[PDB]
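J.: Just the first chains of my complex for now:
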Amino acid sequence: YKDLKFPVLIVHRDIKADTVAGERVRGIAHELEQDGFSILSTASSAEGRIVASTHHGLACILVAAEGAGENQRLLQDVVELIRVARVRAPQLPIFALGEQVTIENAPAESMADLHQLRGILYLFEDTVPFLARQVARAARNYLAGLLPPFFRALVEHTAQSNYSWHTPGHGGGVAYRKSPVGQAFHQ
């Protein structure tokens, strides 16, 4: 929200992350930053399978998939990253990436590859600001869905409160700007 600096892990290959020759993954990092998102870039698979495995509150995950290379274990690396992702907060939307035919030839790994991914981001063909707007839609959709009911209502009560006059008490931390002791308590 105005708070909730929850990052989005971006995994892509080291030739095609923090590098050159076709860069819309950095563009959909930058547009998410203009939405107000953090970015945990990662240059390889196993360096992402650590940061996703530790106890982060991760909004989305962006994986690089290429499908046919199972003895290459690239699709197999994707399904390892998805499995290690969905263990402590399974509703976080894992997205794939890819510039060409991506999971159009998945041989038999589809119970956790095509089943858990909440969309593919064909980063060249698709719609770059509306692409990152779709990512930010699913991100904040899950970020609103993960809050419990009472805390969701209480965090949407301290943005759109009773407008000018909630009468008894400090009224939203307003009587704690009336004295130096109170303002020390306030800050």
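T.: Noted; the coordinates are in hand. Numbering: from 1, shown residues only, chains lettered A, B, ... in the order given.

J.: contacting residues around the strand or helix carrying residue A:141?
T.: Using DSSP states H and E, residue A:141 sits in helix A:128-145. Counting by C-beta atoms under 8 Å, 6 or more residues apart in numbering, the neighbours of helix A:128-145 from elsewhere in the structure are A:1, A:4, A:6, A:8, A:24, A:27-28, A:31-32, A:35, A:37, A:59-60, A:62, A:91-93, A:95, A:118-119, A:121, A:123, A:152. In this view, the C-beta of every residue, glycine as well, is placed from N, C-alpha and C.

J.: Who are the packing partners of the helix or strand just after that helix?
T.: As assigned by DSSP H and E, the chain's next helix or strand after helix A:128-145 is helix A:149-155. Contact analysis of helix A:149-155 by 3 or more C-beta pairs under 8 Å, 6 or more residues apart in numbering; DSSP states H and E lists no helix or strand as a packing neighbour.

J.: one step back: sort out which residues of the helix holding residue A:141 are buried, please.
T.: If you call a residue buried by 16 or more other C-beta atoms under 10 Å, then helix A:128-145 has these buried ones: A:131, A:132, A:134, A:135, A:136, A:138, A:139, A:140, A:142, A:143.

J.: Please tell me I have it right and residue A:107 contacts residue A:69.
T.: No - using C-beta atoms under 8 Å, residue A:107 and residue A:69 do not qualify as a contacting pair, with a distance of 10.7 Å.

J.: add chain B to what we have:
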Amino acid sequence: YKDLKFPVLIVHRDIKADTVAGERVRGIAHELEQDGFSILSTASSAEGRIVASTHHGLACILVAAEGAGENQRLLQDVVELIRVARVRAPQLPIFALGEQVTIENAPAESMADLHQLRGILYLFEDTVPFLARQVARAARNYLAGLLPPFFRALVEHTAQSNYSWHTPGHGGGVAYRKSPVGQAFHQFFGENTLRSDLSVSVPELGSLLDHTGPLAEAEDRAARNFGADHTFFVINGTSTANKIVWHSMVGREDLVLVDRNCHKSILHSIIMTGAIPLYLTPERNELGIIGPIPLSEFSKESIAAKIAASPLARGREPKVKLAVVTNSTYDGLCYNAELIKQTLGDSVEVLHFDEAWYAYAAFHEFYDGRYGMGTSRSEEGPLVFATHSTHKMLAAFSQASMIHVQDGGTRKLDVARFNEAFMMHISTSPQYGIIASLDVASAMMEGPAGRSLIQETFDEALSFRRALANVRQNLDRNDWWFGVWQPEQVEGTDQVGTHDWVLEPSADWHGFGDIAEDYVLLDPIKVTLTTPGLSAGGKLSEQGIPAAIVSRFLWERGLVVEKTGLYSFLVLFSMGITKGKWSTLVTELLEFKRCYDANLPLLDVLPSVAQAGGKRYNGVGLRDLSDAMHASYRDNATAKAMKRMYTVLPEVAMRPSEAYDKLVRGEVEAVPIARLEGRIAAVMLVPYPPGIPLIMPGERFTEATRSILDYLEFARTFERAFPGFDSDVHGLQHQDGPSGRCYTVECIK
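T.: Chain B added:
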């Protein structure tokens, strides 16, 4: 232009791109930037052969060539890049680069190397700012050449307009800065939409109804793209684009052959005509899919039997006019237009293909002979009209509808006598986006530009139909998955052939018995998902999942799936899908039978009906909500009645012309559903989603043989026993008040 941020791909070697030691390629990137161009640099060949291959609008392409290295495959890499470039927009100027002797020794590759390159840029020897000025000349030359005529004139009308005073209306988006509501509207809609919706305009842009200016060069260029002798844009919608060709055709006592898979626009256009129609109800399967028509009802004896079958008015054997048949029905049954021609052309002198979802049909090698514009015009005089609806499928703006005409034989009549009935259904506010959009949707398909575009949407659909039955290789113990309607040989993205996609005659992977010879080629984009619960053995098995809840699941998850048929979960792929949206539909169907075997309470996953309707289904799982509603079509015999209520010919007691003037007269009164058996209905009632116009205005019920009440009373107890649901029958006047959501229809006293 001032817009059009179209990039220019630059491919050069990694030692000599984004690097050092002789750099004029970066100089001719920088001077193009000072012209106002984007730059897609690329350090190698195969990284450029991807970005050029994806569906960019690319202005130019700059390749690095060195000629003699064919076993080095550098010239061979150049000709690969050129070939993969010119597939979707072949007029984009590909330029080469090079510092020394470049293609001065090309051995034998010159049919696509020296033939397609629109110049070489010897970057050292040549003339660096005039070099990039030449590149920018060819770039903006092609960028002006790729726009269609009407859109080119309309984009050069909102830069050099009528200068200070274009008088009626908002005048270029000027009255939308006079209020906060207007200025919010202004900053929402952009500026170039307001500044291009002229309220009345003749001069340089050409009024629609007079067929002048560049608009008559947008029409009759659409004739050379789609295939016609004269086309006409129609803007008030396809529900008026049918009405124009109905109304410029016969509007009097004569008889008209209509099908009974028409939309609610075609009977409305009968009422504006004033004609008594003849109906050809098609046969369906045992699932709910509206099936195809028999061509034996098209020879010159069956409609002659239909002439005597008209109860009210019996014409004296006319040449039965204005044959309407919904080519490519809702779930993808593209007919053979040529086999409607060769079966029908003697008795019908005006043909009318409502190619509504069949908008892309003229731009593939798969629908050949199968759309009403490709018929190879013969000497009989058929006059086939093809009233497209290009706001679905072939993407124009809303309400945009072309009308395609081709002549032949004995009746041409379309010089001016069509324009004097084209005027009385279109407004007098031309020169705007929906006419401009409808010339981009006919210029996105210029030659091989769109043939290699709907070949892409097969690649998203025949790699959805693959990878949806390619979850049946997983845990599928006996039979438990959505039966896709291609369960035989065609599983996979193998080939798009015009003889393995045709429904086989009297086969058993469709269910429509006695299919005629090579008639009904299924559309590989309208993937017709059948949810489990209705067997192909004849009647229901008790493992059903209802039509709504499988949609209402991914409704809240955020997909919209069309519905017609009883369990037929029809997903419609289109040209307006992002590349990679089969996998969201895969995931949010593999999530459906991961929260149905669990059978959670419906308030936990469906806030559409349950968690906002929190009284009736508190703590009620989907599985019994299925299996009670799965039996509710059976203990009412309503799935039997779906066979019954379509196959009956309703007793035509009033023409729809004369069953509509008894609505302004006062003869329409509230007749409830009980005593309907013997009073003529005067309102169009359509069961929508699951099919056709059941009862037209003028379809009198004879007795309980008119067995449609088994669904009208089914829809009542659907909405009564369970909240917001299939109370979906369009035209059902629901009175609100004393009784428990009891319904009433209109009739004639």
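
J.: before we move on, the earlier item: now do the helix holding residue A:141: distance to the chain's middle.
T.: The chain centroid and the centroid of helix A:128-145 are separated by 8 Å under C-alpha atoms, centre = their mean, to the nearest Å.

J.: Next, the angle from that helix to helix B:582-590.
T.: Here helix A:128-145 runs at an angle of 20 degrees relative to helix B:582-590 (axes from the mean of the first three to the mean of the last three C-alpha atoms, to 10 degrees).

J.: List phi and psi for residue A:40.
T.: Dihedral angles phi and psi of residue A:40 (degrees, to the nearest 10) take the values phi -110, psi 90.

J.: what's near enough to touch it?
T.: Residues counted as contacts of residue A:40 (C-beta atoms under 8 Å, 6 or more residues apart in numbering or on different chains) are A:7, A:8, A:9, A:10, A:51.

J.: how near is residue A:49 to chain B?
T.: In this structure, residue A:49 and chain B are separated by 21 Å, where distance is defined by C-beta to the nearest C-beta, to the nearest Å.

J.: er, residue A:162 actually
T.: Counting by C-beta to the nearest C-beta, the separation of residue A:162 from chain B is 26 Å.

J.: can you check residue A:152 too?
T.: When C-beta to the nearest C-beta is the yardstick, residue A:152 and chain B sit 14 Å from each other.

J.: Chain C follows; place it on the structure:
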Amino acid sequence: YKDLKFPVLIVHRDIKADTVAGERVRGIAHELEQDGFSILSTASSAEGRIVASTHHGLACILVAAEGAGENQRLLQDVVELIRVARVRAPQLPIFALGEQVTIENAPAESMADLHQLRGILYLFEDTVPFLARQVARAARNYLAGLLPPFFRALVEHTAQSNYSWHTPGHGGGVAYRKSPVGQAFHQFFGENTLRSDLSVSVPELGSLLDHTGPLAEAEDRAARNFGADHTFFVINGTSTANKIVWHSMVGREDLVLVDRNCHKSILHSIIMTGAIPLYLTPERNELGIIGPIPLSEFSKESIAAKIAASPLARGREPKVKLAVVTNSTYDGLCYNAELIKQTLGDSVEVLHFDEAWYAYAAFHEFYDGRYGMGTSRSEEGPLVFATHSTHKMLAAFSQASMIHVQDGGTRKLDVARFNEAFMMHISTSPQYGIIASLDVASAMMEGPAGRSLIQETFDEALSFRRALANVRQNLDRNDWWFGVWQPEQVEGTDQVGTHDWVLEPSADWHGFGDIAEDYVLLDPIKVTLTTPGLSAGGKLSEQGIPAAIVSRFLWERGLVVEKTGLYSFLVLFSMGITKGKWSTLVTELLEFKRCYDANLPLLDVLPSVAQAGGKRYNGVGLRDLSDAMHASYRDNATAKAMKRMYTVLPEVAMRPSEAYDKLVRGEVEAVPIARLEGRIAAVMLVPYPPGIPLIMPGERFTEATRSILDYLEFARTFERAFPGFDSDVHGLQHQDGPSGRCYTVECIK
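T.: Putting chain C together with the chains above:
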């Protein structure tokens, strides 16, 4: 929102704004910028009382108040700023500022000081980031409250849409990234236009034809704005918005009272009805201005005489239905709608005001009782329909047309029987801009928001009519200037009164003899310029300037001026003019009689006809091109024939229903202009610009008494003796070929 860059005006004293020594006002500008707000700082009071007074969309206003200084007029300056703020959008939250005791001592100014301020911002004591958070709360609260219902739902539908798969069509502007032509279309039209034209959509936004969702809260909020019991948006145009209320009304043998200043849409809607009409041709002056109707043709004896005057079919005295009369005709003759009511309500049970240019009529104190929605509904049952055309004047998008209904007396009938004929003229592609725009053009006029908007367009028009006759105080030796059609007492921006703008009965500043009592209040926005050359003494004087060339001058200079009448150069001001476009029209008319006394060759200033038609008028001045064409209406007696050809009742031999089915039959054949005297015309021929439908389909010429040929042969020799010009008669089938541009019309053999 993500859009809506709406500013917030900040007024503070010049010692304490953009300055030093206690600065939290700049801090609450900066925190609002970090919210994403614009800032219009202002250093003093009267510099803020200008920017707040101009037509901004202002979110908040921050004023500097100090209370006790009323002879200092600081609190008085605050209440002046508040009063000038709340005139065009009164709900904008005005906040005060102040560092000490601020309005704790307000003596007696509290009805507009403490009453209108929505809070005080004590900028030192209060809570700086939560302070600007409170300001941003009230700002975005009002910014959400000012949007109308349908547009609010449609702007919160293109942020949180159907997530991955909205299936038919371009799906949110996604198929417009699949080709270079499509991507050029994409970057031209913006993104929020493509992403908001849904091809088919029910769910949260509400389909038009079912009248559900927020669309039925856009309708029946437009009823509380315009004044009605139920309104209906209509999107296929006003040429269908007339057709809906014609077609939901009588469509059979019954008689219908129509005027003869109808557009080419109203006779077209007769043809869809099928009814025999009765005509009331109004009388005109000797200039060409189509004059007003007599109300004596509305009492219950004159139309009873018209019933027997119907030659073909004579009804047996019906309650003559569906009275259409073009309220506010083309040059601004707003009728008295209440005096059509009080003269007509007995004999006519459905009234139909085609308030096309009379779109703004419900939002002033000047047209009171004068628009068909303000009639003070009586117990007679009149059913007045007001089919607006709000793509001119009151600025909606193109083809947007409301239809206003109010009930009364004996016939209500509009619950569902209107919706079952509203469907058959509108398409089934809802939820988009033209429905969304048509709810902004009814929410730009919420209360006093638009009453103080068309009061502004009088201030541009009654300060054009002032400063155009205020060049007649310059060198005007005898009489040489465009005679504006207000040459008497009303010269100047004095007052907009409902009794000094009415045409006086039997006066001589209009020419329409025997004007009835308080009937025809002229519209002060449609300034009716009469060029010199036709005298008010009866016939032409030889100092004429032709209708076209005075427009064709400022056509190339870049103004568009409407044309109807023989010399009547009608300029139409609108709400879509920039503030300060009377002075361009002043300059490019004072330039006209600075390059007409010079009388230059027409190729030097008019490349429309001459310098691109460089054969006929090489070295030919305007003045003789005037004075030959100025006599060409006289030696043909065509300006006499304009009186003749309108006042005749053409011999009604065919109904326009039955004179149109003889076009698809084949009875339309090419009958040239010579032998027309005695053959029934079957095509609508309208002399446009200069008037009305002359001959409907079915208007048989009797003999040379039908003297219309003096203009048909005038138009021929106009285009023959001089290139592109008044060959303007709409419907004239010009064959191209052997003869010298000879014309042909259609008839019935």
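
J.: try the contacts of helix A:128-145 again now we have chain C.
T.: A:1, A:4, A:6, A:8, A:24, A:27-28, A:31-32, A:35, A:37, A:59-60, A:62, A:91-93, A:95, A:118-119, A:121, A:123, A:152, C:160, C:163-164, C:172-173, C:191, C:195.

J.: same thing but at 7 Å, please
T.: Helix A:128-145 is contacted by residues A:4, A:6, A:8, A:24, A:27-28, A:31-32, A:35, A:37, A:59-60, A:91-93, A:95, A:118, A:121, C:163 when judged by C-beta atoms under 7 Å, 6 or more residues apart in numbering or on different chains.

J.: next one: stretch A:92-106
T.: The set of residues external to stretch A:92-106 that reach it, using C-beta under 7 Å, 6+ apart, is A:12, A:22, A:25, A:58-68, A:75, A:78, A:82, A:85, A:113-114, A:116-124, A:135, A:138-139, A:142, B:50, B:463, B:467, B:583.

J.: I'd like to know which of the residues you listed are buried.
T.: When burial is judged by neighbour count using 16 or more other C-beta atoms under 10 Å in any protein chain shown, the buried members of the contacts of stretch A:92-106 are A:12, A:22, A:25, A:58-67, A:75, A:78, A:82, A:85, A:113-114, A:116-124, A:135, A:138-139, A:142, B:463, B:467, B:583.

J.: Stretch A:152-159 and chain C in contact?
T.: No - against chain C, stretch A:152-159 shows no contacts by C-beta under 7 Å from any C-beta of the partner chain, the least distance being 8.3 Å.

J.: how long is that stretch from one end to the other?
T.: 11 Å (C-alpha to C-alpha, to the nearest Å).
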